[PDB]
Every structure is written in C-alpha cells, then in structure tokens.
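A lone chain, given as structure tokens: the form solved without 5-ethyl-1,3,4-thiadiazol-2-amine (MZW).
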C-alpha cells in the first residue's frame, strides 16, 4: 500500500486512528481514552465529535496534519470489494491484511454486540493468532481499497471472531 497511506495511521488510545485530511481523524469509539480532554494539543472545546456506534470522527478547527491532502472517505464499500486493513506491528513491521467485504451485519463477539460491514480475511484457512490475523490492539486500523487511480478509506477495525476468519469494519 502507498507510503502516504501508512503516514496517516497514528497510534491512539488502546489502538489506532487515521487522518482523512489535515483536519479530519477517524477511529473506533472503544479505543478512545474515556478521561481524555485534549487531543493533538487542542482542547475538546475546539473539536467537532461525530459518533455513530463504533465509528467516531474528529474535525479540528486548525490543520493538525498540513503535510497531508484530503482523500475520499466512503460509507463502507460494495459487497465483494477486496480491501487491505493497514495494521502496524512490533518492529516498524507493516501488515496490510487482505479482506473480502460482505454485508452490513449485527453480531455478538466475545459477549459484546457489534454493528458494521462484515468481511472474511484472505490470509489463510483459519486466521487465529497474530501471524495471519488481527489482535485486540489493531482496533481503529483503516480499511482501504484502490479504484482506477484513486485510493479510498471506507471504515475502521472494530472487532474479529475467536476463529479469527470474520472481521467487522465500523462505517460512517
């Protein structure tokens, strides 16, 4: 995946978030530190929060990341799209996990109720564990895909099943 997309993935709370533009940051609601009153040097005062279940978007009144260009955020993707989940791991290692996207779904995962766009990992037979699959600390990682010329972001990592094969993308 392009270096400019990896540059947009920021360590955040118990996971990650993603810079859509110099002013827009998206993440998974449950990774956000519940006590936090300041983000990227800005008071809560100065920030527009948009929360829809496990999807959260932050809009800043200042350019926090002026090195970036604004890219397309969409509300999930067509069923059958193959996406990459941009997961950073121990060592400066970069894991762009391939996922075939399915329907919008409501599930119970480890007792918690989750809603988003479901998908199946294309990494192995059974993706249980950290070599072929996701771990809890990957939540908030972006789902991206390429069109003709364009790259698109369509959601953030919310959950995965015990077997590790099924994932859920939180969407706008």
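Rigid core: the largest C-alpha set superposing within 1.5 Å between the two forms. Residue numbers count along the first chain shown, from 1.
S.K.: Quick check: 37-45 versus 137-145, which has the larger average CA B-factor in the record?
M.R.: The stretch with the larger mean CA B-factor is 37-45.
S.K.: If you average the Cα B factors in the entry, which is higher, 8-16 or 160-168?
M.R.: 160-168 has the higher mean C-alpha B-factor.
S.K.: Identify, among 30, 65, 115, 51, the residue whose C-alpha carries the highest B-factor in the deposited PDB entry.
M.R.: Of the options given, 51 has the highest CA B-factor in the PDB entry.
S.K.: Determine, from the deposited record, the chain-internal third of the Cα B-factor for residue 77: lowest, middle or highest.
M.R.: Residue 77: CA B-factor falls in the highest third of its chain.
S.K.: Per the entry's values, where does residue 123 land by CA temperature factor relative to the rest of its chain, in the lowest, middle or highest third?
M.R.: Bottom third by C-alpha B-factor.
S.K.: Quick check for you: using the entry's CA B-factors within this chain, is residue 92 in the lowest, middle or highest third?
M.R.: It belongs to the highest third of the chain when residues are ordered by C-alpha B-factor.
S.K.: Among the chain's modelled residues, which third holds the C-alpha B-factor of residue 57?
M.R.: For residue 57, whose C-alpha B-factor we compare with every modelled residue in the chain, the answer is the middle third.
S.K.: For residue 109, return the chain-relative third of its C-alpha B-factor as stated in the PDB record: lowest, middle or highest.
M.R.: CA B-factor rank for residue 109: highest third.
There is another form of this protein, the form deposited with 5-ethyl-1,3,4-thiadiazol-2-amine (MZW) bound, and it is not shown here; the text below is about that form.
S.K.: At a 4.5 angstroms cut-off on non-hydrogen atoms, which residues of 83-101 are near 5-ethyl-1,3,4-thiadiazol-2-amine (MZW) in the entry with it bound? List them in order.
M.R.: Contacts from 83-101: 88, 89, 90, 92, 93, 94.
S.K.: Superpose on the core and compare between the shown form and the other one; which one of 41, 33, 129, 70 crosses the 2 Å Cα shift mark?
M.R.: That would be 129.
S.K.: After the core is overlaid between the shown form and the other one, has the C-alpha of residue 92 moved by 2 angstroms or more?
M.R.: Yes, the C-alpha moves 2 Å or more.
S.K.: Pin down for me whether the residue 15-residue 128 Cα distance shrinks or grows in the entry with it bound relative to this form (closer or farther, change of 3 Å or more).
M.R.: Pair moves farther apart in the entry with it bound.
S.K.: Taking the shown form as the reference, report whether the CA atoms of residue 128 and residue 159 lie closer or farther apart in the entry with it bound; the distance changes by 3 angstroms or more.
M.R.: More distant in the entry with it bound, by 3 Å or more.
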